[PDB]
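Enquirer: Input structure: upload28.pdb, which contains PDB, N, CA and C atoms.
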```pdb
ATOM      1  N   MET L   1     -66.893  -5.934  63.091
ATOM      2  CA  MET L   1     -67.011  -5.322  61.746
ATOM      3  C   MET L   1     -66.553  -3.870  61.778
ATOM      4  N   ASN L   2     -67.215  -3.060  62.587
ATOM      5  CA  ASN L   2     -66.835  -1.662  62.737
ATOM      6  C   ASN L   2     -66.119  -1.464  64.062
ATOM      7  N   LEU L   3     -65.376  -0.379  64.170
ATOM      8  CA  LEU L   3     -64.716  -0.046  65.418
ATOM      9  C   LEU L   3     -65.501   1.032  66.149
ATOM     10  N   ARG L   4     -65.032   1.415  67.324
ATOM     11  CA  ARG L   4     -65.724   2.414  68.119
ATOM     12  C   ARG L   4     -65.333   3.809  67.671
ATOM     13  N   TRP L   5     -66.285   4.514  67.095
ATOM     14  CA  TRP L   5     -66.049   5.870  66.629
ATOM     15  C   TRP L   5     -66.407   6.875  67.710
ATOM     16  N   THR L   6     -65.450   7.718  68.062
ATOM     17  CA  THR L   6     -65.692   8.782  69.022
ATOM     18  C   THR L   6     -66.583   9.850  68.400
ATOM     19  N   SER L   7     -67.264  10.624  69.234
ATOM     20  CA  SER L   7     -68.164  11.664  68.750
ATOM     21  C   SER L   7     -67.420  12.646  67.846
ATOM     22  N   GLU L   8     -66.187  12.965  68.220
ATOM     23  CA  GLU L   8     -65.355  13.858  67.430
ATOM     24  C   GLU L   8     -64.986  13.210  66.096
ATOM     25  N   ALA L   9     -64.677  11.914  66.136
ATOM     26  CA  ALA L   9     -64.317  11.173  64.930
ATOM     27  C   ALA L   9     -65.485  11.126  63.959
ATOM     28  N   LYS L  10     -66.677  10.882  64.493
ATOM     29  CA  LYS L  10     -67.901  10.910  63.702
ATOM     30  C   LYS L  10     -68.042  12.242  62.966
ATOM     31  N   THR L  11     -67.818  13.338  63.680
ATOM     32  CA  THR L  11     -67.898  14.667  63.090
ATOM     33  C   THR L  11     -66.822  14.855  62.016
ATOM     34  N   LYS L  12     -65.618  14.368  62.302
ATOM     35  CA  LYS L  12     -64.513  14.445  61.354
ATOM     36  C   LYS L  12     -64.815  13.658  60.086
ATOM     37  N   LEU L  13     -65.453  12.504  60.248
ATOM     38  CA  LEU L  13     -65.827  11.667  59.115
ATOM     39  C   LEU L  13     -66.816  12.403  58.215
ATOM     40  N   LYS L  14     -67.678  13.203  58.831
ATOM     41  CA  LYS L  14     -68.669  13.985  58.099
ATOM     42  C   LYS L  14     -68.002  15.087  57.276
ATOM     43  N   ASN L  15     -66.854  15.565  57.749
ATOM     44  CA  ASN L  15     -66.125  16.635  57.065
ATOM     45  C   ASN L  15     -65.417  16.109  55.821
ATOM     46  N   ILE L  16     -65.341  14.793  55.710
ATOM     47  CA  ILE L  16     -64.727  14.154  54.558
ATOM     48  C   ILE L  16     -65.743  14.045  53.421
ATOM     49  N   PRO L  17     -65.314  14.304  52.172
ATOM     50  CA  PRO L  17     -66.183  14.195  50.994
ATOM     51  C   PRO L  17     -66.847  12.824  50.886
ATOM     52  N   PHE L  18     -68.135  12.831  50.569
ATOM     53  CA  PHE L  18     -68.950  11.617  50.534
ATOM     54  C   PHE L  18     -68.381  10.571  49.579
ATOM     55  N   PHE L  19     -67.810  11.022  48.472
ATOM     56  CA  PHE L  19     -67.261  10.110  47.473
ATOM     57  C   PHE L  19     -66.130   9.259  48.052
ATOM     58  N   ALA L  20     -65.425   9.799  49.038
ATOM     59  CA  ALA L  20     -64.265   9.121  49.593
ATOM     60  C   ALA L  20     -64.454   8.783  51.069
ATOM     61  N   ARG L  21     -65.684   8.872  51.563
ATOM     62  CA  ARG L  21     -65.939   8.604  52.976
ATOM     63  C   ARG L  21     -65.809   7.122  53.298
ATOM     64  N   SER L  22     -66.351   6.271  52.439
ATOM     65  CA  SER L  22     -66.170   4.833  52.579
ATOM     66  C   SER L  22     -64.685   4.494  52.482
ATOM     67  N   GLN L  23     -64.020   5.127  51.520
ATOM     68  CA  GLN L  23     -62.584   4.983  51.334
ATOM     69  C   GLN L  23     -61.834   5.364  52.610
ATOM     70  N   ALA L  24     -62.161   6.534  53.146
ATOM     71  CA  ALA L  24     -61.511   7.045  54.341
ATOM     72  C   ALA L  24     -61.803   6.170  55.550
ATOM     73  N   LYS L  25     -63.065   5.774  55.712
ATOM     74  CA  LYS L  25     -63.471   4.936  56.837
ATOM     75  C   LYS L  25     -62.630   3.665  56.895
ATOM     76  N   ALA L  26     -62.419   3.054  55.734
ATOM     77  CA  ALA L  26     -61.603   1.852  55.642
ATOM     78  C   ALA L  26     -60.182   2.137  56.118
ATOM     79  N   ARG L  27     -59.661   3.294  55.732
ATOM     80  CA  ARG L  27     -58.318   3.700  56.130
ATOM     81  C   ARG L  27     -58.248   3.950  57.635
ATOM     82  N   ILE L  28     -59.198   4.726  58.139
ATOM     83  CA  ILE L  28     -59.231   5.120  59.549
ATOM     84  C   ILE L  28     -59.245   3.904  60.472
ATOM     85  N   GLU L  29     -60.148   2.973  60.200
ATOM     86  CA  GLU L  29     -60.293   1.788  61.033
ATOM     87  C   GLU L  29     -59.070   0.877  60.910
ATOM     88  N   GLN L  30     -58.433   0.886  59.743
ATOM     89  CA  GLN L  30     -57.211   0.116  59.537
ATOM     90  C   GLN L  30     -56.057   0.749  60.314
ATOM     91  N   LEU L  31     -56.063   2.079  60.385
ATOM     92  CA  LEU L  31     -55.075   2.818  61.163
ATOM     93  C   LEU L  31     -55.216   2.481  62.643
ATOM     94  N   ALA L  32     -56.457   2.332  63.086
ATOM     95  CA  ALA L  32     -56.735   1.948  64.462
ATOM     96  C   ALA L  32     -56.152   0.573  64.765
ATOM     97  N   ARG L  33     -56.204  -0.323  63.787
ATOM     98  CA  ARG L  33     -55.623  -1.646  63.944
ATOM     99  C   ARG L  33     -54.102  -1.580  63.918
ATOM    100  N   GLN L  34     -53.562  -0.562  63.259
ATOM    101  CA  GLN L  34     -52.121  -0.343  63.249
ATOM    102  C   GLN L  34     -51.665   0.058  64.648
ATOM    103  N   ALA L  35     -52.587   0.650  65.398
ATOM    104  CA  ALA L  35     -52.335   1.035  66.780
ATOM    105  C   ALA L  35     -52.950   0.027  67.754
ATOM    106  N   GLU L  36     -53.672  -0.949  67.200
ATOM    107  CA  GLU L  36     -54.360  -1.978  67.983
ATOM    108  C   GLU L  36     -55.321  -1.376  68.997
ATOM    109  N   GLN L  37     -56.039  -0.361  68.558
ATOM    110  CA  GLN L  37     -57.044   0.289  69.381
ATOM    111  C   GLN L  37     -58.430  -0.022  68.831
ATOM    112  N   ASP L  38     -59.402  -0.160  69.720
ATOM    113  CA  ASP L  38     -60.765  -0.486  69.311
ATOM    114  C   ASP L  38     -61.538   0.790  69.039
ATOM    115  N   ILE L  39     -60.968   1.902  69.475
ATOM    116  CA  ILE L  39     -61.621   3.195  69.383
ATOM    117  C   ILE L  39     -60.833   4.112  68.461
ATOM    118  N   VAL L  40     -61.509   4.710  67.494
ATOM    119  CA  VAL L  40     -60.848   5.615  66.571
ATOM    120  C   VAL L  40     -61.009   7.056  67.038
ATOM    121  N   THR L  41     -59.928   7.800  66.984
ATOM    122  CA  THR L  41     -59.952   9.198  67.351
ATOM    123  C   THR L  41     -60.093  10.057  66.101
ATOM    124  N   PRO L  42     -60.502  11.326  66.252
ATOM    125  CA  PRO L  42     -60.583  12.264  65.128
ATOM    126  C   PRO L  42     -59.218  12.486  64.484
ATOM    127  N   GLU L  43     -58.178  12.144  65.231
ATOM    128  CA  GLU L  43     -56.808  12.264  64.764
ATOM    129  C   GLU L  43     -56.525  11.224  63.682
ATOM    130  N   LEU L  44     -57.060  10.020  63.870
ATOM    131  CA  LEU L  44     -56.966   8.968  62.861
ATOM    132  C   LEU L  44     -57.770   9.347  61.626
ATOM    133  N   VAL L  45     -58.949   9.909  61.859
ATOM    134  CA  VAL L  45     -59.807  10.362  60.773
ATOM    135  C   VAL L  45     -59.102  11.435  59.952
ATOM    136  N   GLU L  46     -58.446  12.356  60.651
ATOM    137  CA  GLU L  46     -57.696  13.422  60.006
ATOM    138  C   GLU L  46     -56.566  12.830  59.170
ATOM    139  N   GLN L  47     -55.856  11.851  59.736
ATOM    140  CA  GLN L  47     -54.747  11.193  59.042
ATOM    141  C   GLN L  47     -55.167  10.683  57.668
ATOM    142  N   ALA L  48     -56.290   9.975  57.614
ATOM    143  CA  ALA L  48     -56.796   9.443  56.353
ATOM    144  C   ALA L  48     -57.177  10.570  55.403
ATOM    145  N   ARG L  49     -57.693  11.648  55.968
ATOM    146  CA  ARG L  49     -58.115  12.792  55.180
ATOM    147  C   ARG L  49     -56.895  13.518  54.623
ATOM    148  N   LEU L  50     -55.847  13.554  55.428
ATOM    149  CA  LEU L  50     -54.617  14.240  55.079
ATOM    150  C   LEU L  50     -53.851  13.464  54.018
ATOM    151  N   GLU L  51     -53.782  12.146  54.170
ATOM    152  CA  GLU L  51     -53.049  11.320  53.220
ATOM    153  C   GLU L  51     -53.663  11.432  51.829
ATOM    154  N   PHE L  52     -54.994  11.486  51.760
ATOM    155  CA  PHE L  52     -55.679  11.664  50.484
ATOM    156  C   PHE L  52     -55.416  13.057  49.926
ATOM    157  N   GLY L  53     -55.265  14.025  50.820
ATOM    158  CA  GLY L  53     -54.940  15.375  50.411
ATOM    159  C   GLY L  53     -53.536  15.473  49.838
ATOM    160  N   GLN L  54     -52.613  14.727  50.429
ATOM    161  CA  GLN L  54     -51.213  14.758  50.018
ATOM    162  C   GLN L  54     -51.002  14.044  48.686
ATOM    163  N   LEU L  55     -51.736  12.958  48.465
ATOM    164  CA  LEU L  55     -51.550  12.166  47.252
ATOM    165  C   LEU L  55     -52.362  12.720  46.082
ATOM    166  N   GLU L  56     -53.166  13.742  46.340
ATOM    167  CA  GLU L  56     -54.009  14.308  45.300
ATOM    168  C   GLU L  56     -53.917  15.832  45.287
ATOM    169  N   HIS L  57     -53.217  16.361  44.292
ATOM    170  CA  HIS L  57     -53.089  17.805  44.116
ATOM    171  C   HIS L  57     -53.850  18.243  42.870
ATOM    172  N   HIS L  58     -54.948  17.540  42.608
ATOM    173  CA  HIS L  58     -55.828  17.800  41.471
ATOM    174  C   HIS L  58     -55.172  17.393  40.155
ATOM    175  N   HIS L  59     -54.169  18.143  39.717
ATOM    176  CA  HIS L  59     -53.500  17.822  38.464
ATOM    177  C   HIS L  59     -52.454  16.723  38.684
ATOM    178  N   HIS L  60     -52.906  15.482  38.613
ATOM    179  CA  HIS L  60     -52.035  14.334  38.836
ATOM    180  C   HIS L  60     -51.312  13.939  37.554
ATOM    181  N   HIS L  61     -50.496  14.866  37.065
ATOM    182  CA  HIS L  61     -49.666  14.661  35.885
ATOM    183  C   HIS L  61     -48.854  15.925  35.644
ATOM    184  N   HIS L  62     -47.993  15.915  34.641
ATOM    185  CA  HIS L  62     -47.230  17.107  34.304
ATOM    186  C   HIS L  62     -47.468  17.488  32.845
TER     187      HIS L  62
END
```
Would you write the structure of this file as structure tokens?

Expert:
Amino acid sequence: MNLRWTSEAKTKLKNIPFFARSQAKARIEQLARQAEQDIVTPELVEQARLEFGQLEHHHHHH
């Protein structure tokens, strides 16, 4: 069900907004499967956090 979260990854997950933490967790663990790893690094956690940052610049319109 869940993958192996590193201590650093756990901390990184905490740095993510609660509203999107479930969202991010789903992304992070899916990214781990993209690498076929059972253990998620804080780097994967950052990736999910970054992608949400890139796709959302607050004013999503012109």

Enquirer: With the file shown as input, list the residues that the PyMOL selection byres ((chain L and resi 6) around 7) selects, as a list in words.

Expert: residues 3, 4, 5, 7, 8, 9, 10, 11, 39, 40, 41 and 42 of chain L

Enquirer: Check the smallest atom-to-atom distance from each of L:51, L:32, L:25, L:59 to residue 13 in chain L using all atoms listed in the file, then report the winner.

Expert: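 The shortest atom-to-atom distance to residue 13 in chain L comes from L:25.
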
Enquirer: Which residue, L:60, L:21, L:2, L:12, has the smallest gap to residue 43 in chain L when you use all atoms listed in the file?

Expert: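 Checking each candidate against residue 43 in chain L, we get L:12 as the closest.
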
Enquirer: Give me the result of the PyMOL selection byres (((chain L and resi 27 and name CA) around 10) and name CA) on this file, residue by residue, as an MDAnalysis selection string.

Expert: chainID L and resid 21:26 28:33 44:45 47:49 51

Enquirer: Report the residues of chain L whose backbone DSSP state falls under alpha helix (DSSP H), written as a PyMOL selection string.

Expert: chain L and resi 7-14+21-34+42-55

Enquirer: Store the residues picked out above in a file with N, CA and C atoms, as a short mmCIF file (atom, residue, chain, number, x, y, z; two decimals), in the frame of the given file.

Expert:
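Just written: out_39.cif:
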```
data_model
loop_
_atom_site.label_atom_id
_atom_site.label_comp_id
_atom_site.auth_asym_id
_atom_site.auth_seq_id
_atom_site.Cartn_x
_atom_site.Cartn_y
_atom_site.Cartn_z
N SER L 7 -67.26 10.62 69.23
CA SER L 7 -68.16 11.66 68.75
C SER L 7 -67.42 12.65 67.85
N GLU L 8 -66.19 12.96 68.22
CA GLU L 8 -65.36 13.86 67.43
C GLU L 8 -64.99 13.21 66.10
N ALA L 9 -64.68 11.91 66.14
CA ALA L 9 -64.32 11.17 64.93
C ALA L 9 -65.48 11.13 63.96
N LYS L 10 -66.68 10.88 64.49
CA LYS L 10 -67.90 10.91 63.70
C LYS L 10 -68.04 12.24 62.97
N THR L 11 -67.82 13.34 63.68
CA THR L 11 -67.90 14.67 63.09
C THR L 11 -66.82 14.86 62.02
N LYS L 12 -65.62 14.37 62.30
CA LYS L 12 -64.51 14.44 61.35
C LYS L 12 -64.82 13.66 60.09
N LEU L 13 -65.45 12.50 60.25
CA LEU L 13 -65.83 11.67 59.12
C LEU L 13 -66.82 12.40 58.22
N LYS L 14 -67.68 13.20 58.83
CA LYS L 14 -68.67 13.98 58.10
C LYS L 14 -68.00 15.09 57.28
N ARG L 21 -65.68 8.87 51.56
CA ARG L 21 -65.94 8.60 52.98
C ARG L 21 -65.81 7.12 53.30
N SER L 22 -66.35 6.27 52.44
CA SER L 22 -66.17 4.83 52.58
C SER L 22 -64.68 4.49 52.48
N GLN L 23 -64.02 5.13 51.52
CA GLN L 23 -62.58 4.98 51.33
C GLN L 23 -61.83 5.36 52.61
N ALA L 24 -62.16 6.53 53.15
CA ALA L 24 -61.51 7.04 54.34
C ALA L 24 -61.80 6.17 55.55
N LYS L 25 -63.06 5.77 55.71
CA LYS L 25 -63.47 4.94 56.84
C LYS L 25 -62.63 3.66 56.90
N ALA L 26 -62.42 3.05 55.73
CA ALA L 26 -61.60 1.85 55.64
C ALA L 26 -60.18 2.14 56.12
N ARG L 27 -59.66 3.29 55.73
CA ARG L 27 -58.32 3.70 56.13
C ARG L 27 -58.25 3.95 57.64
N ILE L 28 -59.20 4.73 58.14
CA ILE L 28 -59.23 5.12 59.55
C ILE L 28 -59.24 3.90 60.47
N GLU L 29 -60.15 2.97 60.20
CA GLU L 29 -60.29 1.79 61.03
C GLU L 29 -59.07 0.88 60.91
N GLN L 30 -58.43 0.89 59.74
CA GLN L 30 -57.21 0.12 59.54
C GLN L 30 -56.06 0.75 60.31
N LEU L 31 -56.06 2.08 60.38
CA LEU L 31 -55.08 2.82 61.16
C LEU L 31 -55.22 2.48 62.64
N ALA L 32 -56.46 2.33 63.09
CA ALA L 32 -56.74 1.95 64.46
C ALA L 32 -56.15 0.57 64.76
N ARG L 33 -56.20 -0.32 63.79
CA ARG L 33 -55.62 -1.65 63.94
C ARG L 33 -54.10 -1.58 63.92
N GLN L 34 -53.56 -0.56 63.26
CA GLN L 34 -52.12 -0.34 63.25
C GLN L 34 -51.66 0.06 64.65
N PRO L 42 -60.50 11.33 66.25
CA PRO L 42 -60.58 12.26 65.13
C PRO L 42 -59.22 12.49 64.48
N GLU L 43 -58.18 12.14 65.23
CA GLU L 43 -56.81 12.26 64.76
C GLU L 43 -56.52 11.22 63.68
N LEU L 44 -57.06 10.02 63.87
CA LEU L 44 -56.97 8.97 62.86
C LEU L 44 -57.77 9.35 61.63
N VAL L 45 -58.95 9.91 61.86
CA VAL L 45 -59.81 10.36 60.77
C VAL L 45 -59.10 11.44 59.95
N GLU L 46 -58.45 12.36 60.65
CA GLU L 46 -57.70 13.42 60.01
C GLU L 46 -56.57 12.83 59.17
N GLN L 47 -55.86 11.85 59.74
CA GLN L 47 -54.75 11.19 59.04
C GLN L 47 -55.17 10.68 57.67
N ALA L 48 -56.29 9.98 57.61
CA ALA L 48 -56.80 9.44 56.35
C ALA L 48 -57.18 10.57 55.40
N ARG L 49 -57.69 11.65 55.97
CA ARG L 49 -58.12 12.79 55.18
C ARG L 49 -56.90 13.52 54.62
N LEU L 50 -55.85 13.55 55.43
CA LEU L 50 -54.62 14.24 55.08
C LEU L 50 -53.85 13.46 54.02
N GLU L 51 -53.78 12.15 54.17
CA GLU L 51 -53.05 11.32 53.22
C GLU L 51 -53.66 11.43 51.83
N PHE L 52 -54.99 11.49 51.76
CA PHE L 52 -55.68 11.66 50.48
C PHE L 52 -55.42 13.06 49.93
N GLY L 53 -55.26 14.02 50.82
CA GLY L 53 -54.94 15.38 50.41
C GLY L 53 -53.54 15.47 49.84
N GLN L 54 -52.61 14.73 50.43
CA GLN L 54 -51.21 14.76 50.02
C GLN L 54 -51.00 14.04 48.69
N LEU L 55 -51.74 12.96 48.46
CA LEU L 55 -51.55 12.17 47.25
C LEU L 55 -52.36 12.72 46.08
#
```

Enquirer: Go ahead and compute the interatomic distance for CA of residue 54 in chain L and atom N of residue 37 in chain L, in Å to one decimal.

Expert: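 Computing the Euclidean distance for CA of residue 54 in chain L and atom N of residue 37 in chain L yields 24.4 Å.
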
Enquirer: What is the atom C of residue 36 in chain L to atom C of residue 1 in chain L distance in Å?

Expert: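 Taking atom C of residue 36 in chain L as the start and atom C of residue 1 in chain L as the end point, the length is 13.6 Å.
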
Enquirer: When you draw a straight line from atom N of residue 17 in chain L to atom N of residue 53 in chain L, how long is it in Å?

Expert: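 So the answer is 10.1 Å.
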
Enquirer: Each side padded by 4 Å, which centre and which edge lengths in Å (one decimal) define the axis-aligned box around the listed atoms of range 37-48 of chain L? Give them as lines of an AutoDock Vina configuration file.

Expert:
```
center_x = -58.2
center_y = 6.5
center_z = 62.6
size_x = 14.9
size_y = 21.9
size_z = 22.3
```

Enquirer: Start from the incomplete input, build N, CA, C and O atoms for range 22-37 of chain L, and deliver everything as a PDB file, in the frame of the given file.

Expert:
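As written to disk, rebuild-v7.pdb reads:
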```pdb
ATOM      1  N   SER L  22     -66.351   6.271  52.439  1.00  0.00           N
ATOM      2  CA  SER L  22     -66.170   4.833  52.579  1.00  0.00           C
ATOM      3  C   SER L  22     -64.685   4.494  52.482  1.00  0.00           C
ATOM      4  O   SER L  22     -64.159   3.697  53.264  1.00  0.00           O
ATOM      5  N   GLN L  23     -64.020   5.127  51.520  1.00  0.00           N
ATOM      6  CA  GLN L  23     -62.584   4.983  51.334  1.00  0.00           C
ATOM      7  C   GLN L  23     -61.834   5.364  52.610  1.00  0.00           C
ATOM      8  O   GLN L  23     -60.989   4.611  53.098  1.00  0.00           O
ATOM      9  N   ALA L  24     -62.161   6.534  53.146  1.00  0.00           N
ATOM     10  CA  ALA L  24     -61.511   7.045  54.341  1.00  0.00           C
ATOM     11  C   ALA L  24     -61.803   6.170  55.550  1.00  0.00           C
ATOM     12  O   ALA L  24     -60.898   5.854  56.314  1.00  0.00           O
ATOM     13  N   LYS L  25     -63.065   5.774  55.712  1.00  0.00           N
ATOM     14  CA  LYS L  25     -63.471   4.936  56.837  1.00  0.00           C
ATOM     15  C   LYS L  25     -62.630   3.665  56.895  1.00  0.00           C
ATOM     16  O   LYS L  25     -62.161   3.266  57.963  1.00  0.00           O
ATOM     17  N   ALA L  26     -62.419   3.054  55.734  1.00  0.00           N
ATOM     18  CA  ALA L  26     -61.603   1.852  55.642  1.00  0.00           C
ATOM     19  C   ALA L  26     -60.182   2.137  56.118  1.00  0.00           C
ATOM     20  O   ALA L  26     -59.581   1.332  56.833  1.00  0.00           O
ATOM     21  N   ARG L  27     -59.661   3.294  55.732  1.00  0.00           N
ATOM     22  CA  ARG L  27     -58.318   3.700  56.130  1.00  0.00           C
ATOM     23  C   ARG L  27     -58.248   3.950  57.635  1.00  0.00           C
ATOM     24  O   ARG L  27     -57.366   3.432  58.318  1.00  0.00           O
ATOM     25  N   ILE L  28     -59.198   4.726  58.139  1.00  0.00           N
ATOM     26  CA  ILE L  28     -59.231   5.120  59.549  1.00  0.00           C
ATOM     27  C   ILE L  28     -59.245   3.904  60.472  1.00  0.00           C
ATOM     28  O   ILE L  28     -58.441   3.805  61.401  1.00  0.00           O
ATOM     29  N   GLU L  29     -60.148   2.973  60.200  1.00  0.00           N
ATOM     30  CA  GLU L  29     -60.293   1.788  61.033  1.00  0.00           C
ATOM     31  C   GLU L  29     -59.070   0.877  60.910  1.00  0.00           C
ATOM     32  O   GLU L  29     -58.691   0.198  61.867  1.00  0.00           O
ATOM     33  N   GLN L  30     -58.433   0.886  59.743  1.00  0.00           N
ATOM     34  CA  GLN L  30     -57.211   0.116  59.537  1.00  0.00           C
ATOM     35  C   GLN L  30     -56.057   0.749  60.314  1.00  0.00           C
ATOM     36  O   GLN L  30     -55.189   0.053  60.844  1.00  0.00           O
ATOM     37  N   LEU L  31     -56.063   2.079  60.385  1.00  0.00           N
ATOM     38  CA  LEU L  31     -55.075   2.818  61.163  1.00  0.00           C
ATOM     39  C   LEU L  31     -55.216   2.481  62.643  1.00  0.00           C
ATOM     40  O   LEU L  31     -54.224   2.338  63.365  1.00  0.00           O
ATOM     41  N   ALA L  32     -56.457   2.332  63.086  1.00  0.00           N
ATOM     42  CA  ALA L  32     -56.735   1.948  64.462  1.00  0.00           C
ATOM     43  C   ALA L  32     -56.152   0.573  64.765  1.00  0.00           C
ATOM     44  O   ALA L  32     -55.649   0.330  65.858  1.00  0.00           O
ATOM     45  N   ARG L  33     -56.204  -0.323  63.787  1.00  0.00           N
ATOM     46  CA  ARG L  33     -55.623  -1.646  63.944  1.00  0.00           C
ATOM     47  C   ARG L  33     -54.102  -1.580  63.918  1.00  0.00           C
ATOM     48  O   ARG L  33     -53.430  -2.431  64.494  1.00  0.00           O
ATOM     49  N   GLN L  34     -53.562  -0.562  63.259  1.00  0.00           N
ATOM     50  CA  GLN L  34     -52.121  -0.343  63.249  1.00  0.00           C
ATOM     51  C   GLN L  34     -51.665   0.058  64.648  1.00  0.00           C
ATOM     52  O   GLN L  34     -50.522  -0.172  65.040  1.00  0.00           O
ATOM     53  N   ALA L  35     -52.587   0.650  65.398  1.00  0.00           N
ATOM     54  CA  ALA L  35     -52.335   1.035  66.780  1.00  0.00           C
ATOM     55  C   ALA L  35     -52.950   0.027  67.754  1.00  0.00           C
ATOM     56  O   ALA L  35     -52.774   0.137  68.970  1.00  0.00           O
ATOM     57  N   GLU L  36     -53.672  -0.949  67.200  1.00  0.00           N
ATOM     58  CA  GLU L  36     -54.360  -1.978  67.983  1.00  0.00           C
ATOM     59  C   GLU L  36     -55.321  -1.376  68.997  1.00  0.00           C
ATOM     60  O   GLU L  36     -55.424  -1.838  70.135  1.00  0.00           O
ATOM     61  N   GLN L  37     -56.039  -0.361  68.558  1.00  0.00           N
ATOM     62  CA  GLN L  37     -57.044   0.289  69.381  1.00  0.00           C
ATOM     63  C   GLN L  37     -58.430  -0.022  68.831  1.00  0.00           C
ATOM     64  O   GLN L  37     -58.609  -0.148  67.621  1.00  0.00           O
TER      65      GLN L  37
END
```
